[PDB]
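To keep things simple, chains are lettered A, B, C, D, E, F and G as they appear, and every chain counts its residues starting from 1.
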């Protein structure tokens, strides 16, 4: 067996002990057994098969990433969303448009909205200073 | 005298439902103010509209207020009042504009104004 | 109390408005005329209702003024319209 | 308008069949309220056991100022004979106004709010007549005709505040006289929580000494659990997506606060209260977390009233509590959950 | 089929209980009807007896 | 294992069939109680009013 | 004054204090959840920087623009800011430090560009007039990398296209639960690894398909994590700063209660005496 990590930029996805794995590297399918020579490659979006020692089989879907294997260790730096020449350029185009305009969105913190409006209304018009004789 | 035993369960439930809808709208008003309306959940975007239509419908033109406004007054029976509010809260009129309820008499005038509007 | 009870309406002049430059410092909403439009030319009666409603919405929103730039744009428009009427 | 008179006359009606005689003094009440009170007292069968003393809103202030003393004398008649009486003064805060009137019309010097100087000594020398008196006193007073009895008179004065400012003058006097207060909160009453008793701010300084054992055992937590539930539910409005541990406290509190509210003229015996509080305290409500919980209470009372009346008799007669009764109540609740519907 | 039997037992229990609830609310309603009839008969009886 | 599955499924279905009958019999019992006490009150309140 | 008018404001300030206490609690919980999410992000950047160091500073050191110090004629910044107020001085200290450094850079006559994460900086720099060229806003408590892809892509394209040089990320470093410091750090050209992979001598990867096109993707993905990491650290710093600020606001409210109650006591004493003196002096 060897140690396998499946790690995204956000959170970890797998950290077990494995006996072999199978992936679709950019240049073709590819099977990693223990002791495999150090290797570096990109992997295409699709499934990957893990077999945990004692032979337990499971399938993890990856949106792509980079597979790097070492003596007795291996890691899959998985992508969190599909990546591509066109998709990333569309996202950059929208990110540019939103800046050439002055269009901005609303954060989803309804709790902060509630508390902020309540505090804005409670603090409003209460003429405390000049009621208490506090100079400051 | 506003309890089920003297006004009947229908009147009591209609009144308590109107008050609950208006209270929920008074709650939602400041989330609307801060985060804009397009952030509300799709059932809250419906509470908003129904409360806004209720808040219009319980205005009314008086016969003696005519000298202030020129429009004629309307007398509304309690049956029509309960029927109108009970209909609005249940979504039977989600297709009418809000201004179809402003300064009208019975709900029939609301539907007829929307048909005219 | 007596004179507010006797008369047909009141014009309330407030010092916090006078100091801020709002002159004449009449405080609307808190100020009432019970003769209303009956004592207006029909053009003024026509045009005054939108001013009343604009200042009423502005008074409702004014609590959020010193938190502006946090607000939505749809209420920002009402808030900066009431300021221009004032 | 928060249910003070309702609570008082329900406390009267509940004495239909105890040894306690009842007295209701109305000070400054409008005649229609007294007509309704008398109709309800005779309808529910409590009139034969109570004296009604009336000084209506339109009667001369002298009659309103001296009414509670007449009622106190009529109840002290029973007190001094080794029996038990309970007297309700309706709006002492109107007796104070009638006394202020009668005092100012006699040119007597005024005090803090124009109430005369001795307005404290107006209520004090009244409420100090509500007492429990020992057997030697009643034996000596009645010249040896009664030996073992101890007499008592219980007073439930009513005070009306303005916007809940407890710290007003007459309210803070009477709070300094009595031995506790049942503070009724208006924003709970309007929210449908009826009776709108406010925990925390309301206390009984005599306390558990006057509580039957089973009730004392079951009720120990409820007051603090409800006050902390109220403060936690005040916090909750600003905190969505909140810890799942407090998520359970904020639900048990919300169920107990939904359980302790009931119809107006429906008094409930110690056994019916006791097994309901047992159901609520020992988690049997934890699966009815949909607030169809009035039907649960009514169905539980009907079920227990059909089958196990021999246990309700024991509870009502003795008020005692035992591990055997604990097991009996576990059995009742288990058999109810498993075999009936709300 | 064992877990399907589990779900069957639970669904059967809840169906029977919701079926009992309609019997009960029915009794409550009948009650509300018959007590109203009794009150109305008593009222008319009073009217005639007092007019006599 | 399947002959355990059949036993368990049949036993639990029998349990649930007993439970449903028990629940609905008690529902009819409650109905009878409600209706008879309503019949009693329909006379208690009438006699009260006609004596009043 | 007026006793009732002052009691109303005492009640208002008590309500304000209660609101601020609830906000302190909410922020103190979100801070823990955010700073754990902060630790969930380390392994990716660490185990990718080791690879980049092997391909870049190891044996057969390859050559890539992002690794070498071409001469600087204009600079670019990625700015992370909060979407919500009440965070204390958090955002303005950072924007002032950025303006100091961005002014030092324009003393030398170089041009500068900005990309904005968060609404507050977007509002600020348009008022100051900064040259914002890309932005993302409305992240809230749920910052995705698949939304940072955009502006980071804009800055990377402007870099390799030859326009920008020496781009930076500015953000708040979360250091202690009551200590957060604004930092400006360099992402590209790649900062210099403290460690040496001379010990990796004894092995080399079987690069499939080929090492240069692979190092390109490795470097692009690496700047992204480090930005994403900057965003998440800034968010935990925001939560901690809001906690501290609402704590201070609750104590300020608690002192205004003392002052207002002293004023109320004086007012009610004066009212009692002014009434009772009128009564007694009126009776001839």
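Points to keep in mind about this one:
Rule of thumb we're sticking to: a contact is a pair of C-beta atoms (placed from the backbone, for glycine too) under 8 Å apart; a residue touches a chain by one contact, two chains touch by 3 or more.
Touching subunit B and subunit F at once is no chain at all. Across the two interfaces under comparison, A-B and C-G, the one joined by more C-beta contacts turns out to be A-B. Taking the mean of the C-alpha atoms as each chain's centre, subunit A and subunit E sit 58 Å apart. Between subunit D and subunit F the centroid-to-centroid distance comes to 36 Å (mean Cα coordinates, whole Å). Averaged C-alpha coordinates put the centre of subunit A at 60 Å from the centre of subunit D. In subunit E, 17, 20-21, 24 are the positions where the chain touches two or more neighbouring chains simultaneously. Chain contacts: subunit B has residues 33-36 touching two or more partner chains.
Counting only residues that touch two or more partner chains, subunit A has 106-108, 110-111, 114-118, 121.
Applying the touch criterion to all chain pairs gives A-B, A-C, A-D, A-G, B-C, C-G, D-E, D-F, D-G, E-F.
Across the complex, subunit F meets subunit E through its residues 5, 8-9, 12-13, 15-17, 19-20, 23-24, 26-28, 30-31, 34-35, 38-39, 41-43, 45-46, 49-50, 52. Of all residues in subunit D, those touching subunit A in their complex are 237-241. Interface residues of subunit B, counted against subunit C in their complex, comprise 32-37, 67-68. Contacts from subunit F toward subunit D in the complex involve residues 22-23, 26-27, 29-30, 33, 48.
Of all residues in subunit A, only 110-111, 114-115, 118 touch subunit D in the complex they form.
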